[PDB]
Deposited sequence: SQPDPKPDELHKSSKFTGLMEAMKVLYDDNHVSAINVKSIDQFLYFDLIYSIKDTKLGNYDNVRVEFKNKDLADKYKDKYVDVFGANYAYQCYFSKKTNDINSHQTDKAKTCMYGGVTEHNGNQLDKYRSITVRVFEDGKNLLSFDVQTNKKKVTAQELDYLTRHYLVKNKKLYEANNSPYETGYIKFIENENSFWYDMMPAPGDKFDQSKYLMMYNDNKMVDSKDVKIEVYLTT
C-alpha cells in the first residue's frame, strides 16, 4: 500500500555529522519489555503511565507510552497489555521515568504456544547476502518490536550503527503483510543533531501486524 522509497527519498548517513551512537543506543541490548501490565496514571491525554521496572540496571521505575492520538490512549487505558519498545529519555514528574512510543499489545488471546519465527532477508546494494530469523510469542505484534529485533541483530552482527560513522549509506526496513506493505527509514535526518524522540515518534501509531503472515525485508546501500 505504501509506495516504496522514491529516488533520493532515503536519508544519507554521510549527510549526518552527529554522533551515530545516539541512534545506536535505541537498538542495543536495552529496551522496555513488560508482560501483563495495566496503566497506573496518565500525564497527558495521549500518553499512558505504566509501573514497569528496570530489573536490568534499575534506571527507571515508571514508563510513559506516547500515542499519535487520543483514541489509542483511551483504548489501552484500562486494558492489561504487554509493552515492548525503545526508550529514549529520563524525566521527572525516587527513581526517574523513561518515555517511549506505542509498542502496546493486548495480553489476553494474544500469546502463542511456541516461539513464532519471522524470516528477515537483507540486501546489500542489491544482492541478498544475509537472512536471519526473529522470534515472538505474539499473534499481533507491533512493527516497533520486529524492527527493534531486526535492527538489533544488525547492530551486533553487521555493525549497522557504530559509535562513529556508519558503513551503510542508506537503509530502510519493509514490513509486508499479505498484499499490503509499509517501510521505515533507518538512517537519521541530515545535520549535526539527532532528536531521539522525533525519530522514535514514528512508532506512536501502534501499528501491529500478524506474526503468521508478516515478512521483513531490509534494504541497505553502501
Missing C-alpha stretches, by deposited numbering?
-> 94-106
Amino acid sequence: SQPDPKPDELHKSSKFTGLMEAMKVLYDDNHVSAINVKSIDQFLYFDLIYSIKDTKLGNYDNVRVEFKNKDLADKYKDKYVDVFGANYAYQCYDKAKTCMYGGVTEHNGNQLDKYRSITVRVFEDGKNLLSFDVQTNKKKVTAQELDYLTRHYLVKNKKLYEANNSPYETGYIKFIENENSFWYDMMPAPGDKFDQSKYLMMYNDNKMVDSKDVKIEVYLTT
From here on, numbers count along this sequence of modelled residues.
Would you mind comparing 211-219 and 1-9 for me and telling me which has the higher average C-alpha temperature factor in the entry?
-> 1-9
Compare the mean C-alpha B-factor of 55-63 with that of 38-46 as given in the PDB entry, and name the stretch with the higher value.
-> 55-63
Entry record, C-alpha B-factors for 82, 71, 147, 94; the maximum is at 94
Just grab whichever of 132, 90, 115, 101 has the top CA B-factor as deposited.
-> 115
Tertile call for residue 175 (CA temperature factor, within chain, third-based) is the middle
By the record's CA B-factor, is residue 20 among the lowest, middle or highest third of residues in the chain?
-> highest
What third of its chain, lowest, middle or highest, does the C-alpha temperature factor of residue 168 fall into?
-> highest
On the chain's distribution of Cα B-factors, residue 136 falls within the third called lowest
Modelled-residue ranking by C-alpha temperature factor, third containing residue 181 = highest
